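K.L.:
Take this structure first; my questions come after.
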Amino acid sequence: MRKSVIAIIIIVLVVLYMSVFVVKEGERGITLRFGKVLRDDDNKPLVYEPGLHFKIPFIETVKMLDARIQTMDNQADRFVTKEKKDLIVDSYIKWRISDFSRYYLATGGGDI
Amino acid sequence: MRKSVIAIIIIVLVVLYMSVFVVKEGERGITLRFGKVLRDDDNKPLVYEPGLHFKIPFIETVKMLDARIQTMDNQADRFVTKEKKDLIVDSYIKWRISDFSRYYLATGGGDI
Amino acid sequence: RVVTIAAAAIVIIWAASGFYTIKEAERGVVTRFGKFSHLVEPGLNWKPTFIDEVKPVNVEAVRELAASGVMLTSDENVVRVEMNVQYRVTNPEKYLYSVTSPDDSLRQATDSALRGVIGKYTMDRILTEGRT
Amino acid sequence: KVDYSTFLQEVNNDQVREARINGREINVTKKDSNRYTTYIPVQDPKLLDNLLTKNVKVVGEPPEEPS
Amino acid sequence: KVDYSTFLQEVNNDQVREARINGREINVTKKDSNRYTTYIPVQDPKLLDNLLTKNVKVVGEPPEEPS
Amino acid sequence: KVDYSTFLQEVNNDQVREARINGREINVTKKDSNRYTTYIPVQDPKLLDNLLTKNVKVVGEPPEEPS
Amino acid sequence: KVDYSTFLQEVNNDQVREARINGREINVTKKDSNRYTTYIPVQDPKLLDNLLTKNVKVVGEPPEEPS
Amino acid sequence: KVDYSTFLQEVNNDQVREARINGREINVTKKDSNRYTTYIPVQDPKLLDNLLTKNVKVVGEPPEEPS
Amino acid sequence: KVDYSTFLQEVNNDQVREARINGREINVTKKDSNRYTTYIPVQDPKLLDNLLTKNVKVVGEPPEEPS
């Protein structure tokens, strides 16, 4: 009764480690099924808060979407004014992900 | 009863030398705890005068702040007058530390 | 008795690494695995190793940010203007989780601000009078 | 660890106040107290030239002799 | 393997996004997400001059050391 | 197998089909399929530039690390 | 220890008289009899030109072969 | 054995037909059917240029495998 | 023993007759039947060219192969 008892201890610990996954403070994770995503509340994709969550190992996949404001800078480019005066303008935009689910779906594959 | 008595005597002398720390005449010392500073009189940081003081060895840290008037000289630089006349002026300024506590805080690390 | 010895060995390392000292010019930010936990004040604090982590943020040092560029004035003239901006930081809950790269992002805002302001005044004013 | 290219652009933007070089690594502490790290791709003939022209601070370190 | 010469011609066309240099091996990923590798035949001084003028991204690699 | 200077003059007239260089020994591939080997006496800074002047095809090789 | 950048500006300010080069260390002597040290970050070809062009005295040292 | 300075005085007059190149040693074989040897003390960038500009035939040899 | 800066001043006045180069140590014999030793801190490319312009006799030595 030594091999049987020792065997179960080793398999359970490694299985649990794969299942546990944490969500950082400035990050949000969306658990995903085989091809679909997990829903709740009348087909409302669920986003994870910054806490511990459990996923069936090797069946569920998590996509981590940052929630901090992202900065996008634009290089020099030519624009035509009302008097045909060509201008060279450098500008940047600041945006934040509002709907983590929608962004991941619209921008398929969570690509910046 | 020779090793025990002789052992205690020698260690006491070295401990006292480490504990004692003096403040020079043209210097001022503010004793500091691990991360904080020592307070008294309704949280008023205490600065030490030029006399003998005792500090728990290896627990308190002391910052020596000079009290002498400091001289700062300005090299040649270009300034614009009211008639756009560029001038070259060589000037020096003399200042003294008024609040040793504030200077240590403002100029983090007591750097002139 | 051998099992008792093993337990003692693991706990000291947890406490040893757990103990940490934070500088006076820094303010540790203890954070749970995913969640933030609390802001620790200067001195020596303890954090359970492998459970929570501390992030020291320089809340006292005064940094500087010089913003320059060849801006356009209000009289269709060009002026090479340079400025120096001394600043500090505040509670890291905002500074760390408000905008990505707050220092650099602010610099771009400064360039936009500096360009706009210079645009309003004329070259001659900006050189002597506008300075203040 | 940051990229060498952006570091050059950053260097070209007058955004560094202190620079230290050890071996092939680049440990930097800029004016705004920020830090990063980068490694030189290969030996460059004129990199040092542009650096001193813009009045950038640079510091070298001695070699570590083994015991 | 992609010949060293073709990389130069492709650099002139501005069809590469970034590249990683290590030793004399040039691993590179282009604008069309195509990964290929060439080898530097000999030292080329103006290469870095040309690359920077072309605005192509270049990143160095830490000094390899066998632990 | 052939003089180093000869290689240069025949290159000046575009008599090399392709130029693949390894170490300090290079074999040539003439337009008429002839084959021979040349030697490099000393490092030449403009040799690579000279080949690129007449659109000569250059090719690199991997490093031969001892097994 | 002195910084390379601050050393170079002081060199151009005509405030150095002697320099002993032994490896990467330099014993710098100002005109007021003071002493300090400095280390060059990387290979600077124009260093010799700059020093000699400002009437400075350089010195070389033999290698310390182990006895 | 001929001094390096004197070696330049003869090549600058185009009186040498072929010279051996290996390492820094040079075995000269000039136009009078005489042969001798000379050594190059340092690295000089205008050696090959002087040869090619003067249009003198010069070939080197491959290295020797260690014992 | 003389400084390297001083040695250059001597050559510029057409006063050095023969010179020897062994690594980074140099032996000199001026026209006054005198001898001394100098050392080159860093490699200089115009040194050899400048030397030849003044017609300074340069000599080389064979390498010391350990038996």
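In the structure tokens, chains take letters A, B, ... by order of appearance, with residues numbered from 1 within each chain and ligands from 1 in the order shown.
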Once the least-squares fit of chain A onto chain B is done over all Cα atoms matched in order, how many Å of RMSD are left?
P.N.:
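Overlaying the two chains on their C-alpha atoms yields 0.5 Å.
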K.L.:
DSSP on the backbone, then: every residue of chain G marked strand (DSSP E or B), written as a PyMOL selection string.
P.N.:
chain G and resi 2+18-22+25-29+35-39+57-60
K.L.:
With N, CA, C and O atoms kept, could you save the residues just selected as a compact mmCIF listing (two decimals), in the first residue's frame?
P.N.:
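out_22.txt was written with the following content:
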```
# COMPACT_ATOMS: atom_id res chain seq x y z
N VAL G 2 37.04 59.57 -11.85
CA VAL G 2 36.43 60.72 -12.50
C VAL G 2 35.69 60.20 -13.73
O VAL G 2 36.06 59.17 -14.30
N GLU G 18 49.81 66.12 -17.66
CA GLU G 18 50.38 64.79 -17.87
C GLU G 18 49.30 63.72 -17.83
O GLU G 18 48.30 63.86 -17.12
N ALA G 19 49.52 62.65 -18.59
CA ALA G 19 48.60 61.52 -18.61
C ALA G 19 49.40 60.25 -18.85
O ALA G 19 50.11 60.14 -19.86
N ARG G 20 49.29 59.29 -17.93
CA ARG G 20 49.97 58.00 -18.02
C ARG G 20 48.93 56.95 -18.40
O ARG G 20 48.02 56.68 -17.61
N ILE G 21 49.10 56.33 -19.56
CA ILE G 21 48.15 55.34 -20.06
C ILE G 21 48.74 53.95 -19.85
O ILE G 21 49.74 53.58 -20.47
N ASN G 22 48.10 53.18 -18.97
CA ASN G 22 48.48 51.80 -18.66
C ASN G 22 47.19 50.98 -18.68
O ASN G 22 46.52 50.85 -17.66
N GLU G 25 43.46 52.64 -17.29
CA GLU G 25 43.56 53.59 -16.20
C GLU G 25 44.44 54.75 -16.65
O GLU G 25 45.37 54.57 -17.44
N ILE G 26 44.16 55.94 -16.13
CA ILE G 26 44.91 57.14 -16.46
C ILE G 26 45.08 57.98 -15.20
O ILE G 26 44.08 58.35 -14.57
N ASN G 27 46.32 58.26 -14.84
CA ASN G 27 46.62 59.11 -13.69
C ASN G 27 46.66 60.53 -14.24
O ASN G 27 47.62 60.93 -14.90
N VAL G 28 45.61 61.30 -13.96
CA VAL G 28 45.48 62.65 -14.47
C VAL G 28 46.00 63.64 -13.44
O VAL G 28 45.69 63.52 -12.24
N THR G 29 46.82 64.58 -13.89
CA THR G 29 47.39 65.61 -13.04
C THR G 29 46.96 66.96 -13.58
O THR G 29 47.27 67.31 -14.72
N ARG G 35 45.50 65.25 -8.14
CA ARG G 35 45.53 63.94 -8.78
C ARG G 35 44.17 63.28 -8.69
O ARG G 35 43.44 63.46 -7.71
N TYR G 36 43.87 62.44 -9.69
CA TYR G 36 42.62 61.70 -9.79
C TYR G 36 42.83 60.59 -10.82
O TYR G 36 43.93 60.42 -11.35
N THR G 37 41.77 59.82 -11.09
CA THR G 37 41.81 58.73 -12.06
C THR G 37 40.59 58.81 -12.97
O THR G 37 39.61 59.50 -12.68
N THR G 38 40.66 58.08 -14.09
CA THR G 38 39.56 58.04 -15.05
C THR G 38 39.69 56.75 -15.86
O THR G 38 40.77 56.17 -15.96
N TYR G 39 38.56 56.30 -16.42
CA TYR G 39 38.51 55.12 -17.27
C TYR G 39 37.70 55.43 -18.51
O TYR G 39 36.59 55.96 -18.42
N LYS G 57 50.74 66.24 -22.56
CA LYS G 57 51.81 65.25 -22.48
C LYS G 57 51.23 63.87 -22.20
O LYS G 57 50.63 63.66 -21.14
N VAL G 58 51.42 62.94 -23.13
CA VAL G 58 50.96 61.57 -22.96
C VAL G 58 52.16 60.70 -22.62
O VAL G 58 53.31 61.06 -22.86
N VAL G 59 51.89 59.53 -22.04
CA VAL G 59 52.93 58.58 -21.64
C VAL G 59 52.40 57.17 -21.84
O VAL G 59 51.20 56.92 -21.72
N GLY G 60 53.31 56.24 -22.15
CA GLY G 60 52.99 54.84 -22.35
C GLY G 60 53.73 54.00 -21.32
O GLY G 60 54.75 54.46 -20.80
```
K.L.:
Please, what distance in Å, to one decimal, runs between CA of residue 74 (chain B) and CA of residue 84 (chain C)?
P.N.:
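CA of residue 84 (chain C) lies 18.1 Å from CA of residue 74 (chain B).
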K.L.:
Please write out chain I, superposed on chain F by least squares over all C-alpha atoms matched in order, as a PDB file with C-alpha atoms, in the first residue's frame.
P.N.:
```
ATOM      1  CA  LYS I   1      44.467  28.703 -58.829  1.00  0.00           C
ATOM      2  CA  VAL I   2      44.810  32.405 -59.672  1.00  0.00           C
ATOM      3  CA  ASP I   3      46.579  35.311 -57.998  1.00  0.00           C
ATOM      4  CA  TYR I   4      44.593  37.824 -55.971  1.00  0.00           C
ATOM      5  CA  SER I   5      45.679  40.726 -58.182  1.00  0.00           C
ATOM      6  CA  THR I   6      44.454  38.824 -61.250  1.00  0.00           C
ATOM      7  CA  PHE I   7      41.118  38.105 -59.548  1.00  0.00           C
ATOM      8  CA  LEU I   8      40.463  41.817 -59.019  1.00  0.00           C
ATOM      9  CA  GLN I   9      41.087  42.522 -62.714  1.00  0.00           C
ATOM     10  CA  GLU I  10      38.412  39.945 -63.570  1.00  0.00           C
ATOM     11  CA  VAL I  11      35.795  41.537 -61.302  1.00  0.00           C
ATOM     12  CA  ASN I  12      36.498  45.014 -62.697  1.00  0.00           C
ATOM     13  CA  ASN I  13      35.513  43.713 -66.170  1.00  0.00           C
ATOM     14  CA  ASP I  14      32.047  42.475 -65.060  1.00  0.00           C
ATOM     15  CA  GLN I  15      32.929  38.781 -65.397  1.00  0.00           C
ATOM     16  CA  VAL I  16      32.436  37.227 -61.918  1.00  0.00           C
ATOM     17  CA  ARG I  17      28.958  35.892 -61.103  1.00  0.00           C
ATOM     18  CA  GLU I  18      29.091  34.367 -57.590  1.00  0.00           C
ATOM     19  CA  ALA I  19      31.638  34.603 -54.780  1.00  0.00           C
ATOM     20  CA  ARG I  20      32.026  32.939 -51.377  1.00  0.00           C
ATOM     21  CA  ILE I  21      33.984  34.200 -48.357  1.00  0.00           C
ATOM     22  CA  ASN I  22      35.375  31.806 -45.722  1.00  0.00           C
ATOM     23  CA  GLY I  23      37.992  33.443 -43.520  1.00  0.00           C
ATOM     24  CA  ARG I  24      40.775  34.491 -45.913  1.00  0.00           C
ATOM     25  CA  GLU I  25      39.968  32.034 -48.726  1.00  0.00           C
ATOM     26  CA  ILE I  26      37.495  32.744 -51.526  1.00  0.00           C
ATOM     27  CA  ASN I  27      35.692  30.572 -54.070  1.00  0.00           C
ATOM     28  CA  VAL I  28      34.565  32.166 -57.341  1.00  0.00           C
ATOM     29  CA  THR I  29      32.259  31.038 -60.155  1.00  0.00           C
ATOM     30  CA  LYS I  30      32.454  33.205 -63.265  1.00  0.00           C
ATOM     31  CA  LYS I  31      29.855  33.483 -66.021  1.00  0.00           C
ATOM     32  CA  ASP I  32      31.823  30.969 -68.140  1.00  0.00           C
ATOM     33  CA  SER I  33      30.884  28.092 -65.769  1.00  0.00           C
ATOM     34  CA  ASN I  34      34.476  28.014 -64.444  1.00  0.00           C
ATOM     35  CA  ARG I  35      35.813  27.798 -60.889  1.00  0.00           C
ATOM     36  CA  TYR I  36      39.059  28.646 -59.088  1.00  0.00           C
ATOM     37  CA  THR I  37      40.374  29.794 -55.697  1.00  0.00           C
ATOM     38  CA  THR I  38      42.036  32.998 -54.466  1.00  0.00           C
ATOM     39  CA  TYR I  39      43.199  34.430 -51.131  1.00  0.00           C
ATOM     40  CA  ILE I  40      42.983  37.922 -49.615  1.00  0.00           C
ATOM     41  CA  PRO I  41      46.467  38.816 -48.212  1.00  0.00           C
ATOM     42  CA  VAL I  42      45.245  41.764 -46.103  1.00  0.00           C
ATOM     43  CA  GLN I  43      41.779  43.089 -45.281  1.00  0.00           C
ATOM     44  CA  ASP I  44      40.551  45.644 -47.842  1.00  0.00           C
ATOM     45  CA  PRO I  45      37.541  47.903 -46.998  1.00  0.00           C
ATOM     46  CA  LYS I  46      36.699  48.973 -50.562  1.00  0.00           C
ATOM     47  CA  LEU I  47      36.742  45.363 -51.829  1.00  0.00           C
ATOM     48  CA  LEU I  48      33.207  44.579 -50.655  1.00  0.00           C
ATOM     49  CA  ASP I  49      31.968  48.022 -51.724  1.00  0.00           C
ATOM     50  CA  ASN I  50      33.599  47.630 -55.144  1.00  0.00           C
ATOM     51  CA  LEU I  51      32.097  44.134 -55.447  1.00  0.00           C
ATOM     52  CA  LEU I  52      28.541  45.368 -54.846  1.00  0.00           C
ATOM     53  CA  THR I  53      28.966  48.213 -57.363  1.00  0.00           C
ATOM     54  CA  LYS I  54      29.677  45.587 -60.044  1.00  0.00           C
ATOM     55  CA  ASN I  55      26.651  43.547 -58.803  1.00  0.00           C
ATOM     56  CA  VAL I  56      28.776  40.500 -57.938  1.00  0.00           C
ATOM     57  CA  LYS I  57      26.632  37.922 -56.140  1.00  0.00           C
ATOM     58  CA  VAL I  58      28.038  37.551 -52.601  1.00  0.00           C
ATOM     59  CA  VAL I  59      27.130  34.640 -50.306  1.00  0.00           C
ATOM     60  CA  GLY I  60      27.942  33.667 -46.728  1.00  0.00           C
ATOM     61  CA  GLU I  61      28.270  30.430 -44.759  1.00  0.00           C
ATOM     62  CA  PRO I  62      27.357  29.366 -41.200  1.00  0.00           C
ATOM     63  CA  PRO I  63      30.193  28.897 -38.685  1.00  0.00           C
ATOM     64  CA  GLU I  64      31.651  25.437 -38.077  1.00  0.00           C
ATOM     65  CA  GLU I  65      30.981  24.710 -34.399  1.00  0.00           C
ATOM     66  CA  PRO I  66      33.030  21.676 -33.230  1.00  0.00           C
ATOM     67  CA  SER I  67      30.765  18.942 -31.876  1.00  0.00           C
TER      68      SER I  67
END
```
K.L.:
Can you list, as a PyMOL selection string, all residues belonging to chain D that DSSP tags as alpha helix (DSSP H)?
P.N.:
chain D and resi 4-12+47-53
K.L.:
Between CA of residue 90 (chain A) and CA of residue 64 (chain C), what is the distance, to one decimal in Å?
P.N.:
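Straight-line distance from CA of residue 90 (chain A) to CA of residue 64 (chain C) works out to 23.7 Å.
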K.L.:
Point out the residue among C:54, C:72, C:96, C:6 with the least atom-to-atom distance to residue 25 (chain A), counting only C-alpha atoms.
P.N.:
C:96
K.L.:
Just how far from CA of residue 92 (chain A) is CA of residue 79 (chain A), in Å to one decimal?
P.N.:
15.5 Å
K.L.:
Check every residue of chain B for an atom within 7 Å of chain C, counting only C-alpha atoms, and provide those that qualify as a PDB file with N, CA and C atoms, in the first residue's frame.
P.N.:
```pdb
ATOM      1  N   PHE B  34      15.632  53.217  11.518  1.00  0.00           N
ATOM      2  CA  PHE B  34      15.759  52.369  10.327  1.00  0.00           C
ATOM      3  C   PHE B  34      15.340  53.109   9.058  1.00  0.00           C
ATOM      4  N   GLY B  35      14.082  53.560   9.002  1.00  0.00           N
ATOM      5  CA  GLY B  35      13.590  54.346   7.882  1.00  0.00           C
ATOM      6  C   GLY B  35      13.090  55.724   8.273  1.00  0.00           C
ATOM      7  N   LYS B  36      12.651  55.870   9.524  1.00  0.00           N
ATOM      8  CA  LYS B  36      12.134  57.131  10.031  1.00  0.00           C
ATOM      9  C   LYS B  36      13.234  57.934  10.723  1.00  0.00           C
ATOM     10  N   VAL B  80      19.208  88.658 -21.676  1.00  0.00           N
ATOM     11  CA  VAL B  80      18.624  89.648 -22.580  1.00  0.00           C
ATOM     12  C   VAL B  80      18.061  90.804 -21.762  1.00  0.00           C
ATOM     13  N   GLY B 108      16.768  65.108  -0.653  1.00  0.00           N
ATOM     14  CA  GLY B 108      16.868  63.714  -0.243  1.00  0.00           C
ATOM     15  C   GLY B 108      18.271  63.156  -0.339  1.00  0.00           C
TER      16      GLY B 108
END
```
K.L.:
Which polymer residues have any atom within 9 Å of an atom of residue 107 (chain C), counting only C-alpha atoms, with same-chain residues fewer than 4 positions away left out, as a ChimeraX atom specification?
P.N.:
/C:65-67,102-103,111-112
K.L.:
Need the shell around residue 51 (chain C): protein/DNA/RNA residues with any atom at most 7 Å away, counting only C-alpha atoms. Skip same-chain ones fewer than 3 positions apart. Format as a PyMOL selection string?
P.N.:
chain C and resi 32-33+48
